[PDB]
2 protein chains.
Amino acid sequence: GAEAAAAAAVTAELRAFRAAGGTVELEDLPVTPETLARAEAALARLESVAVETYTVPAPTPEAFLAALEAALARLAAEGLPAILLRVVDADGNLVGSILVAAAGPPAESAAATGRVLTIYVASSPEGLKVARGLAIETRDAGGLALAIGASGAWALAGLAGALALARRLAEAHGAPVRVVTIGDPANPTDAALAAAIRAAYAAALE
Amino acid sequence: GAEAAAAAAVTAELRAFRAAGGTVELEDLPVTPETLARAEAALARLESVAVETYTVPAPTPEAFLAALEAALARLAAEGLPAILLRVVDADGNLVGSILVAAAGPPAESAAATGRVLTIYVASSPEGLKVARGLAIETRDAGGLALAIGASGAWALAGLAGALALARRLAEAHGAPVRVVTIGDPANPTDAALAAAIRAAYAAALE
């Protein structure tokens, strides 16, 4: 089904990133008092963030890659530190959000910090608060980061498009990409997402 | 098969810990220059560690719980900061290792640090170096920690017995347990273990 196809896209993008010469570092972090406090401290440093809405009728890696490229182009044109994307389906219903946070040109952040991109992923609003705040923390450390809030096939297709963006930005220079799934410890949806991402990663390494 | 039964034990112990009043915090960390350096710094602070060998003919949560209790009793009797267990099958072949690191009585570490136990799990020798070093780091911060090195059903049964130990030590006082799976980013065995633990955790939350 759609979730299986989106997971296969994640596996294919993980394999492709490694074949191009970079390591994928996968981390899973719980929402805890320590991670919540870090996220809140970073969010306090940045409602001030611009929003735009993109229409993605179906969950595909190619569509998320193109939306992320559009968001980076807008950040460059406006000189902004971050942009919040609302992602909607063909009926206009929201199927995800992506906060994109840049510290400068992406080629330069990759070289200065030694990481091409940090991709945070969450499904629940509680995980997403932490994912968004940690993306801002990464930006304030000098790196390019994004935080995807979505579920099921949309979350996986978003992750696959973000890995494709990381691969394109790396240009075979060998910098790693870090993927961080954030989950509220009690939320089975967050747990299901983490399990699906880990399974897709296991399949990429076989 | 054995792996499925061991995973079901993990799921049952996760459910039981939560029903007793504590949160399970699950983290997955990659081996990276940062985590390797932290692990090496802690290992340098502690070949000096005592070894004992326990015979566990089959991968069961009850047997790992009892072995861990025996290890804690030995630490108390000898006044030692850590003990390395070799775990062997009925033919004497090694099926895992567990480094157990205590900062004092386990009831007191749970109260002082706000965490009852930190359980690190790895399959590959590279993940296990980091798991062992991070267990020592936890001990030096005042907490009780253990690092399991094993694969398949043995790793999962070890994790299930460690969760049972955490539940017993918590005595319903509500402190969380932290489980940390450590993987070398390229190693499919480490990835397979992380995927199996995440799936068992998703099943516990449903």
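Order of the sequence lines sets the chain letters (A, B, ...), proteins ahead of strands, with each chain counted from 1. What's counted below: heavy atoms across the whole structure, side chains too, no hydrogens, waters or symmetry copies.
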Interface residue of largest heavy-atom contact number with chain B, from A/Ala204, A/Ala194, A/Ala200, A/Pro176, under 4.5 Å: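 Among A/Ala204, A/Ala194, A/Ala200, A/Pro176, the one with the most close pairs to chain B is A/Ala194.
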
Side-chain donor/acceptor of A/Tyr201 to backbone N/O of B/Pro185, under 3.5 Å: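 Pair found, side chain donor or acceptor close to backbone of B/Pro185.
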
Interatomic spacing from CG in A/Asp28 to CD1 in B/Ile197 - rounded to 0.5 Å: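 Separation between the atoms: 11.0 Å.
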
Chain B contact via A/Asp190 - side chain, backbone, both or neither, heavy atoms under 4.5 Å: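 Looking at A/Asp190, nothing touches chain B.
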
Result of checking B/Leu29, B/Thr32, B/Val31 against A/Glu25 for side chain to side chain contact (heavy atoms under 4.5 Å, CB included):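 Going through the options one by one, the only one that passes is B/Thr32.
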
Considering all heavy atoms, the nearest B/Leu205-A/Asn187 contact: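 That closest heavy-atom pairing would be CD1-O, 3.7 Å.
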
Closest approach of B/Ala195 to A/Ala202 (non-hydrogen atoms, all atoms of both residues):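 Closest heavy-atom pair between B/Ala195 and A/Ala202: CB-CB, 4.4 Å.
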
Greater than 12 external heavy atoms within 6.0 Å of A/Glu40's CD: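 Atom CD in A/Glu40 is crowded, with more than 12 foreign heavy atoms closer than 6.0 Å.
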
